[PDB]
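One structure below.
There are 2 protein chains.
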Amino acid sequence: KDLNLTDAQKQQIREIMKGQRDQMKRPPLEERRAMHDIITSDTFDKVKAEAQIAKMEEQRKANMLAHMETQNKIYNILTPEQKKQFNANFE
Amino acid sequence: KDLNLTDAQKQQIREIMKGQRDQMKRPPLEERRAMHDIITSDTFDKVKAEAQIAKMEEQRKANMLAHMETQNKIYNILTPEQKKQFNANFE
Numbered sequence: 053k054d055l056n057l058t059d060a061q062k063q064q065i066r067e068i069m070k071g072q073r074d075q076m077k078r079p080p081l082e083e084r085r086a087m088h089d090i091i092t093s094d095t096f097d098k099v100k101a102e103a104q105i106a107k108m109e110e111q112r113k114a115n116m117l118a119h120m121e122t123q124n125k126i127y128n129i130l131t132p133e134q135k136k137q138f139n140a141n142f143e
Numbered sequence: 053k054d055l056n057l058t059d060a061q062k063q064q065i066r067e068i069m070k071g072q073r074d075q076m077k078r079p080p081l082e083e084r085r086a087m088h089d090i091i092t093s094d095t096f097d098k099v100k101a102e103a104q105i106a107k108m109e110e111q112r113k114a115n116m117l118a119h120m121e122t123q124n125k126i127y128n129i130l131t132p133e134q135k136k137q138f139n140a141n142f143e
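Protein chains in written order, with the authors' numbering: chain A, 53 to 143; chain C, 53 to 143.
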């Protein structure tokens, strides 16, 4: 992402990235303990991990989604000469 | 991670990682290329986005699981005192 953007662009991104972080709630505070709990055990059991993971589906699905909305929206702030250069770096 | 572990661990950690991190297959072209082709689109196709996220979920599941399994195999190769400070890190 270095397409010689203008002094209007970066700030428009600023409004959407603050839409990509906050409102789009990222942290469940007790599950980051769970991961710890399963790894920090001397005896490993898959089902304990299998059934923690998929509780982290609602959160990680709704994220991937929300993120794509925002990164699309920045694409749409671009110009034809800028959209060009961005597309090609993906390759 | 600077537990002051032995030469043997530094090596066992290396062959645990290369043991099953080469058991989880990394990102696939048509799932990846579309992840971004959804973004470079003219207008954010919502419905469409949800369907990629899914097609990508189960495969991603086995990649979180193997991760935790190797982090446990790594954990289970530590001793009492170093186990006490790794836990104290995240806490």
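C-beta atoms are modelled at their ideal positions from N, C-alpha and C, and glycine is treated no differently.
Simplified DSSP assignment, three categories, for residue i
{"i": "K53(C)", "result": "coil"}
{"i": "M116(A)", "result": "helix"}
{"i": "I105(A)", "result": "helix"}
{"i": "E143(C)", "result": "coil"}
{"i": "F138(A)", "result": "helix"}
{"i": "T95(C)", "result": "coil"}
{"i": "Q111(A)", "result": "helix"}
{"i": "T58(C)", "result": "coil"}
{"i": "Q123(A)", "result": "helix"}
{"i": "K77(C)", "result": "coil"}
Extent of the continuous alpha helix (DSSP H) run through residue i
{"i": "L130(A)", "result": "Careful: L130(A) lies outside any alpha helix (DSSP H) and carries neither H nor E."}
{"i": "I65(A)", "result": "61-72"}
{"i": "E83(C)", "result": "81-89"}
**Report entry** Cβ-based contacts, 8 Å cut-off: residues of the stretch 114-126 of chain A near chain C
**Finding:** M116, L117, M120, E121, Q123, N124, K125
Query raised in the report: Taking Cβ-Cβ distances below 7 Å as the criterion, which residues of the stretch 71-105 of chain C are in contact with chain A?
Result: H88, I90, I91, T92, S93, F96, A101, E102, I105
Query raised in the report: If you pair each beta-carbon of the stretch 85-103 of chain C with each one of the stretch 60-68 of chain C, do three or more pairs fall below 8 Å?
Result: no
**Report entry** Given 8 Å, three or more beta-carbon pairs between the stretch 72-82 of chain A and the stretch 73-93 of chain C
**Finding:** no
Query raised in the report: Between the stretch 73-92 of chain A and the stretch 117-124 of chain C, are three or more C-beta pairs nearer than 8 Å?
Result: yes
Report task. Below 9 Å between beta carbons is the criterion; list the residues of the stretch 130-143 of chain C that meet it against any residue of chain A, in chain order. Result -> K135, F138, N139, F142, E143
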